[PDB]
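Coming up is one lone chain in structure tokens, specifically the form deposited in one PDB entry.
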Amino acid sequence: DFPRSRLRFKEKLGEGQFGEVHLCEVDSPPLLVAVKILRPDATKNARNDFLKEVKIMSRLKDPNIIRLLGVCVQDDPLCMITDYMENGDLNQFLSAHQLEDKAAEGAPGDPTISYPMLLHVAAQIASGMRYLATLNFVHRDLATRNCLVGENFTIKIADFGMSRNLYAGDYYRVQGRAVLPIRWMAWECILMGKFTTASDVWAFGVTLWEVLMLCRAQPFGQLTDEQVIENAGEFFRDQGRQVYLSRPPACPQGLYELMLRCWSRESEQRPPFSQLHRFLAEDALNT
């Protein structure tokens, strides 16, 4: 529907396995947008993956999920258009802030963030996930690296895939197998390969941990990949030897207990996103 000639390409925002994303200016109904196009080395298989992503993205209509603003008309070279999220991925964003020392002592733009803003960030992710659940849409790779930050701490969940070198340490790779974000994965995912809304809740638990850590350390960071995979086996055997992420310094005990529930052995005992969102938006403000 959208004429490609109306785009003015400005800078490269990233590249993935089957496309790359550029910052563009538009003059028509200057707006900035993010535009995904085929890579220069695009193959028949990459174009197929691109077209399928267009179809997947057409499903997703929520304030806290990446939205498809437009696509280029059939004549033109393929493209997808979305909102420009000026503050980049959430992991880099939080890494550049520290928790405020005294409440409301700073100015806008300061490298500090409040505990209630951390809740606001996490609640938005929870709201996005709540939406995906109503679609029976399973994400499979929720993490702060896959969220984007706009103006005024607005958050949108994306899905970059697994090829950014910056996050290569977050994925476990074996020749001929799917690439796996094991440190964010529920035990039943690691052992049995099956991904559900309930395993997305588990990943949300780890993502919430990340947010409260201000992304200062990797989940299970002092443990090897092999040890993390063995931990899943300890969940299975249920002999009380499994281990969990520790309580972040910015996280009160009440919120941490909620976090722990996301990592329940039984999928059905993990809180739904509706419950997670309510806690983050309201209960977590309790003294």
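We number the residues from 1 along the sequence you see. Only residues modelled in both forms are compared. Between two forms, the rigid core is defined as the largest C-alpha subset superposing within 1.5 Å.
Keep in mind that the form deposited in another entry is not shown, yet the notes after this line are about it.
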In a fit on the core, which one among 261, 247, 67, 39 has a Cα that moves 2 Å or more between the shown form and the other one? 39
If you line up the core, does residue 77 shift 2 angstroms or more at its C-alpha between the shown form and the other one? yes
Core-aligned C-alpha movement of residue 18 between the shown form and the other one, 2 Å or more: yes
What parts move between the shown form and the other one when you lay the two on the core: runs of 3+ residues, each CA off by 2 Å or more? 15-19, 39-41, 75-77
